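# Chain and residue survey
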Number of protein chains: 2
Amino acid sequence: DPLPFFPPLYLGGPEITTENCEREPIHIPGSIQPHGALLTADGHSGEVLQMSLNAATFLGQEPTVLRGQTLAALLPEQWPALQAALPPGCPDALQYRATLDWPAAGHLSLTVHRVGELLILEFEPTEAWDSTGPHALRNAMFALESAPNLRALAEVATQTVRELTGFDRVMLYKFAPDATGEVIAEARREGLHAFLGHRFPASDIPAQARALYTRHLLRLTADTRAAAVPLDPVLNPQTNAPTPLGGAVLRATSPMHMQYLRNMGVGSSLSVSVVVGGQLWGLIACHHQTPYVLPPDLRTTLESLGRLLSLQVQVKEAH
Amino acid sequence: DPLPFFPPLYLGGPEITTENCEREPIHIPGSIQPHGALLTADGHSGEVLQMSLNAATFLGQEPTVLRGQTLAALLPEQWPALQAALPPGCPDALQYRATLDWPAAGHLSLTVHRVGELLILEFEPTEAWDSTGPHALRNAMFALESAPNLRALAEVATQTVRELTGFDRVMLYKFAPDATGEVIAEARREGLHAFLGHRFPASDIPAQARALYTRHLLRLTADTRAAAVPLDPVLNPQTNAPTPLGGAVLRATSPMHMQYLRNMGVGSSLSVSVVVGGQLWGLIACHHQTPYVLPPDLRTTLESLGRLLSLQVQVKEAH
Ligand SMILES: *C/C=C1/C(=C/c2[nH]c(/C=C3[NH+]=C(/C=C4\NC(=O)C(C=C)=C4C)C(C)=C\3CCC(=O)O)c(CCC(=O)O)c2C)NC(=O)[C@H]1C
Ligand SMILES: *C/C=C1/C(=C/c2[nH]c(/C=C3[NH+]=C(/C=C4\NC(=O)C(C=C)=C4C)C(C)=C\3CCC(=O)O)c(CCC(=O)O)c2C)NC(=O)[C@H]1C
């Protein structure tokens, strides 16, 4: 049961310290990570309402020009499909995805979700050969199914995610009822110090983060030294209030957690929730030594693997 | 516990009737469906040993020319990857998949699996826009997870598979302990007669088919009037014995079952096993009124959906 959040910094909220960090409003940082661009749009008319300041880098046109234009004009070939896929009242985790062409190498991957009356559109560069078929997940299911017990399932899950992603470290981090955690399996690059069997205080993943991670099952920091890029305007004009970004992987990471990652020598981090009977059971927690953008198709594969693993854990815990 | 099979027709076995059909060797028909091509190759040297008679249609070169050539020569860009993906002793259900270019429209999809010392290579045409992302499955998982009980899960599963495939009819067919079956959910085109709630004798899916369907989880008939195309030579030269084709979706369907489908007015059929605690629990059973080749990526998506559904059933039955 998390504490209520304080206002974010851009609304005069307090600075976050180790004394108050359970109240950081991590879902509304009003900014994104710089490896992609974000727009928000009215859910009915498709009018573009907010834009990340870096949008020209990815979209080819300046934020000041794009604002107020409709998606019906900007994305004539996707707007109907997008509307149909995300009707009013749909779950905020439901996503529409499409691949767009862009004057640069590879393509742009577009991911969209709906929060209330707002559509949130994420654009990130993707290379052609950076596709992952349904086979990745399909082939992986076999070894997960043959695991004879919970610990063996955990060991195969971390090895499989490391093989699929190439991350330097992949852990299964299990929560105890007091919200402390333990690394119960780990696949890692030879020579990296082991976190296997190590336990960590509840404060390392505070209660509002655990709540968020029960609703939105994947999040990441692509570069633990990269500065966030503001949304402009920072408030959603529909509401004159902050834009919820929990459902966007481009959401800026809490600075407190960015410092934690840097202190561990981590250049890139990603985790996927394992949710069992509606409760946060654990995380598939991944590190890389250097910045790294896991491709959208692979992130989606990892999400599905998380759901599979949650069901396999739920089956085994009943036994 | 199925009866032992008789020899196949091409080894002088008996004709199959309603009196002996539990002994039809359905896994070794020595032939494939005509919408793709099949080769078999030695698992170590990659020498091509058998070829479907129609291979020139898909590969551009005549069967008589391709035989005896090595995959190292024929597929220089895939042979190393293929070898690495399917090492000796790997599960016969494990697959390697790749998309090849071919002088015709779209591409060729290549699917490979290993049985003993043999590699079995299936080639089928696929269109560019016939790709299905990991998102299809990922988005589908939500409604399956929210289903409040087993029957509701069944209803959402059939509707979801019908939405993903466009099939005229999608059923969940559940086996009873006496191997009879019941259609426990059904999504169908308006106006088609309902099979919902109908029960069927065990003989409609005989014991050797149920055994096969416990190991190889997807099979189909793309055109219920299409004649099978022989493999040549029909016997695997490694063994001087029939080539097991259970793991190839291009395997020719039992003529008995083809007639059953025609009697039902079905033009195309596909099913996916639901396997719970290693036992065949049921099938996701699909019909179309006319011939139809579900694309490889969508078939793989359906496989994964079957595994997901099996785990969700297993979770709910425990409760
Ligand atoms: C006073 C505030 C604190 C704090 C805040 C915080 N932590 C997170 C998110 C995560 N913390 C994680 C912790 C671990 N990663 C590890 O590798 C290990 C052990 C080896 C642990 C215990 C993880 C996995 C996350 C999830 C994010 C990710 O996978 O990178 C947040 C939320 C970040 C966000 O989503 O914006 C916050 C606010 N952590 C602290 O220790 C104290 C100082
Ligand atoms: C004497 C032999 C018989 C026989 C053989 C047979 N049947 C199958 C495979 C299937 N039969 C299925 C039956 C149903 N489909 C339906 O729509 C309904 C009810 C509405 C039923 C009861 C199904 C679903 C299959 C699986 C294949 C598929 O999905 O199309 C085989 C094996 C075919 C193969 O894989 O080569 C065989 C040998 N069926 C008979 O009724 C008797 C005459």
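Residues numbered from 1 in each chain as written, not as in the entry; some residues may be left out. Chains lettered and ligands numbered in written order. Heavy atoms only, no water. Residues with missing side-chain atoms left out of burial classes, pairs and counts.

### Some points on the pairing of strand β14 (residues 268–276) of chain A
Residue and element names in this part refer to chain A. Counted residue by residue, β14 has eight buried out of nine residues, so it is predominantly covered. Bridging between strand β10 (residues 218–221) and β14 involves four bridges; their strand directions are antiparallel. Directly across from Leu-220, in β14, lies its bridge partner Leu-270. Pairing of β14 with strand β15 (residues 279–288) involves nine bridges; the strand directions are antiparallel. Within β15, the residue paired with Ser-268 across the bridge is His-288. Hairpin connection, β14 to β15: the antiparallel pair is bridged by two residues, and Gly-277 has positive phi, about 55°. (Buried < 20%, exposed > 50% of the residue type's maximum accessible area, 1.4 Å probe, protein only. Helix = DSSP H or I, 4+ residues; strand = E, 2+ residues; numbered from the N terminus. Pairing = 2+ DSSP bridges.)

### Notes on the sheet that holds strand β1 (residues 31–32) of chain A
Residues and elements named next belong to chain A. One open sheet accounts for seven strands, arranged β1-β11-β3-β2-β6-β5-β4; its pairing is antiparallel. Whereas interior strands pair on both sides, the edge strands pair on one side only; in this sheet they are β1 and β4 (96–100). Sheet topology places strand β2 (residues 37–42) next to strand β3 (residues 48–52); three bridges connect them, and they run antiparallel. In the strand pairing of β3, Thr-40 is matched with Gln-50. Helix α9 (residues 296–317) contacts β4, β5 (107–115) and β6 (118–126) of the sheet and is inclined by roughly 160° relative to β4. (Contact = heavy atoms within 4.5 Å. Axes fitted to C-alpha atoms, helices over the stretch in contact; angles between N-to-C directions.)

### Quick notes on the relation of the copies chain A and chain B
When chain A is fitted onto chain B, the two copies agree to an RMSD of 0.0 Å after a turn of 180° and an axial shift of 0.0 Å. Look at the turn and shift together and you get a two-fold axis relating the two. Both copies present the same face, since 100% of the interface residues in chain A are matched by interface residues at the equivalent positions in chain B. (Least-squares fit on C-alpha atoms.)

### Description of the interface of chain A and chain B
At the junction of the two partners, chain A supplies 24 residues and chain B supplies 24 residues. Every element with two or more residues in the side of chain A that touches chain B is listed here: α5 (134–146) and α9 of chain A. The biggest single contributor to the side of chain A that touches chain B is α9 of chain A, with 11 residues. Here the side of chain A that touches chain B is built from residues that sort into nine nonpolar, nine polar and six charged. (Nonpolar A, V, L, I, M, F, W, Y, C, P; charged D, E, K, R; others polar.)

### Points about the site of ligand 1
Residues and elements named next belong to chain A. Taken together, 26 residues lie around ligand 1, and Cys-21, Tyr-213, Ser-269, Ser-271 and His-287 are the ones closest in. The contact in question runs from an oxygen atom of ligand 1 to an N or O atom on the side chain of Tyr-213, over 2.7 Å. Contact distances for ligand 1 include 2.8 Å between an oxygen atom and a side-chain N or O atom of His-287. Protein chains shield 95% of the accessible area of ligand 1, which is 890 Å² for the free molecule. Those elements giving two or more residues to the shell around ligand 1 turn out to be β7 (169–175), α7 (207–215), α8 (255–263), β14 and β15. Looking at the shell around ligand 1 residue by residue, the class counts come to 15 nonpolar, eight polar and three charged. Composition of the shell around ligand 1 by domain shows at least three residues from each of domain 1 (1–125 + 225–253) and domain 2 (126–224 + 254–319). (Near = heavy atom within 4 Å. Polar contact = N/O pair within 3.5 Å; in protein donor to acceptor, adjacent residues only side chain to side chain. Areas by Shrake-Rupley, 256 points an atom, 1.4 Å probe, with all protein chains shown as cover. Domains from an automatic or database assignment.)

### Side note on the nonpolar core
Formed by 68 residues in total, the largest nonpolar core has its most connected members in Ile-284 of chain A together with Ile-284 of chain B. Residue contacts for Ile-284 of chain B: discarding those within four places in its chain leaves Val-161, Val-170, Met-171, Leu-172, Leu-270, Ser-271, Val-272, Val-274, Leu-305, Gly-306 and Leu-309 of chain B. (Core = buried A, V, L, I, M, F, W, Y, C linked by side-chain atoms within 4.5 Å.)

### Some words on the environment of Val-234 of chain B
All names here are of chain B. Following the sequence through the fold, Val-234 ends up in the loop between β11 (229–232) and β12 (235–236). Looking at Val-234, the relative accessible area reads 26%, which means it is partly exposed. Measuring from C-alpha to C-alpha, the distance between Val-234 and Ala-222 comes to 22 Å, with 12 residues separating the pair along the chain. Apart from residues no more than four positions distant in its own chain, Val-234 is found in contact with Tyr-10, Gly-30, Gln-50 and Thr-243.

### Looking at the domain arrangement of chain A
Residues and elements named next belong to chain A. Domain assignment breaks chain A into domain 1 (1–125 + 225–253) and domain 2 (126–224 + 254–319). On a C-alpha basis, the centres of domain 1 and domain 2 stand 24 Å from each other. With 26 residues of domain 1 in contact, the opposing surface of domain 2 contributes 33 residues. When the two sides are added together, the surface that domain 1 and domain 2 hide from each other amounts to roughly 2,600 Å², 55% of it contributed by carbon and sulfur. If you sort the residues of domain 1 by the area they bury against domain 2, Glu-22, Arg-225 and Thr-253 come out on top, with a joint share of 25%. Here domain 1 is connected to domain 2 by two salt bridges. The salt bridge partner of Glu-124 is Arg-299, with a shortest N-O separation of 2.9 Å. In this structure, the connection of domain 1 to domain 2 is made through 15 residue pairs in polar contact. Those elements that place two or more of their residues in the side of domain 1 that touches domain 2 are β5 and β6. (Buried area = accessible area lost by both parts, 1.4 Å probe. Salt bridge = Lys/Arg side-chain N within 4 Å of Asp/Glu carboxyl O.)

### So, the site of ligand 2
Residues and elements named next belong to chain B. Around ligand 2, the surrounding shell holds 26 residues, and the nearest of these are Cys-21, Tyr-213, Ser-269, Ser-271 and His-287. Side-chain polar atom of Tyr-213 to an oxygen atom of ligand 2: 2.7 Å apart, as the coordinates give it. For ligand 2, whose free accessible area comes to 890 Å², the fraction covered by protein is 95%. Those elements that provide at least two residues to the shell around ligand 2 are β7 (169–175), α7 (207–215), α8 (255–263), β14 (268–276) and β15 (279–288). Partitioned by chemical class, the residues of the shell around ligand 2 number 15 nonpolar, eight polar and three charged. Two domains each donate at least three residues to the shell around ligand 2, and these are domain 1 (1–125 + 225–253) and domain 2 (126–224 + 254–319).

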